[PDB]
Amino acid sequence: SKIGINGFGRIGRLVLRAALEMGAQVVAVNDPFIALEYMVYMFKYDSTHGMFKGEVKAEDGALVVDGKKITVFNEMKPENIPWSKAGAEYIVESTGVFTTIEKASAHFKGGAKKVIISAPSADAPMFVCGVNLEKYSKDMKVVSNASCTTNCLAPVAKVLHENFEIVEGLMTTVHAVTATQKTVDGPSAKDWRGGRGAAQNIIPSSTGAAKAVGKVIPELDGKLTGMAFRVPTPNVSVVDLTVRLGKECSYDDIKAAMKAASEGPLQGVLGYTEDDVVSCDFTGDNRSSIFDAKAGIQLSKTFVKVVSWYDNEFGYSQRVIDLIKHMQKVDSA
């Protein structure tokens, strides 16, 4: 598998726990801001997901996790990371900075084959597991696994559109805090509301996720837009989609369509519950999107509100592994 990770942040580390869980193989990590002994500590301890159970240690300038030796690097510039020298073919680009094709192409200066951007890219091919993986051709060098909200929205939008046709829809995501937020009111020059104290506030925010679903499911291009509210919870978010449908249906037809899709073509991407769940019930959940049957409401036969949960750090990290496995199996077909 020969995966390398650039950025050992929330995503970077959990992509490694995902890899180990799914038997994938990471062979190199890079982060300027985190020296190897600090990498041990950050990998081992996690406030949201719990301590890594298994051995993590620094041994001979390498990070060794459960026997797996992983070569470390602390390069500030992507051009200077020796991927070739570690044996890393498939690079996961987790920094939140080399997101355009141009920028992620710096990983070619060190011998990387393919770059998977772990965020929406301005111009790299965006994929969402369960929804558009067949669009992936072997000549695609720099791809994107899109955002965490797009991976929750696009499964649910695919089922609603295929069965009842989405004429238009507006989305809100009630979203957990992230690392770009501030503990107390401080400077966020590009997003003034985003700098206000994260634990004190409900914070309106923008999201490009609904619009990006028009790239992943081309039929919906231009039919979806939305916004976010950031609220004080450490992880797990929820999509609230209000949709105008082309075909008359009951809410029970929407629940049966979600249940059938989660048992077959979207098995493991889309889950389904009828339980009285709340957001802590999905911490550690592996799926991209979990349809909450009892929280949605239907106003009329064509106007309805659907609720889908997602663990924004964890399900996404497992999908990064899934996109890699598929890319390899296609390129090694």
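Start at 1 with the first residue shown and count on from there.
Q) Going by the B-factors listed in the PDB entry, is the mean over the C-alpha atoms higher for 112-120 or for 188-196? A) The deposited B-factors put 112-120 ahead on the C-alpha mean.
- Tell me which of 58-66 and 42-50 has the higher mean C-alpha B-factor in the deposited entry. Here the higher of the two C-alpha B-factor means belongs to 58-66.
Exercise. Identify, among 285, 274, 37, 31, the residue whose C-alpha carries the highest B-factor in the deposited PDB entry.
Key: Answer, based on the entry's C-alpha B-factors: 31.
- Checking the entry, which one of 179, 91, 126, 256 has the top C-alpha B factor? Going by the entry's C-alpha B-factors, 91 comes out highest.
Q.
Lowest, middle or highest third: which one holds residue 312 when the chain's residues are ordered by CA B-factor from the entry?
A. CA B-factor rank for residue 312: lowest third.
* Asked: residue 247: which third of its chain by C-alpha temperature factor?
  -> Middle third, going by the recorded CA B-factors of the chain.
Comparing against every modelled residue in the chain, figure out the third that the C-alpha B-factor of residue 220 lands in (lowest, middle or highest). Middle third, going by the recorded CA B-factors of the chain.
Against its chain's modelled residues, does residue 227's Cα B factor rank lowest, middle or highest third?
As the PDB entry reports it, the C-alpha B-factor of residue 227 lands in the lowest third of its chain.
Could you look up the Cα B-factor of residue 263 in the entry and say which third of the chain it sits in: lowest, middle or highest?
Middle third - that is where residue 263 ends up once the chain's C-alpha B-factors are sorted.
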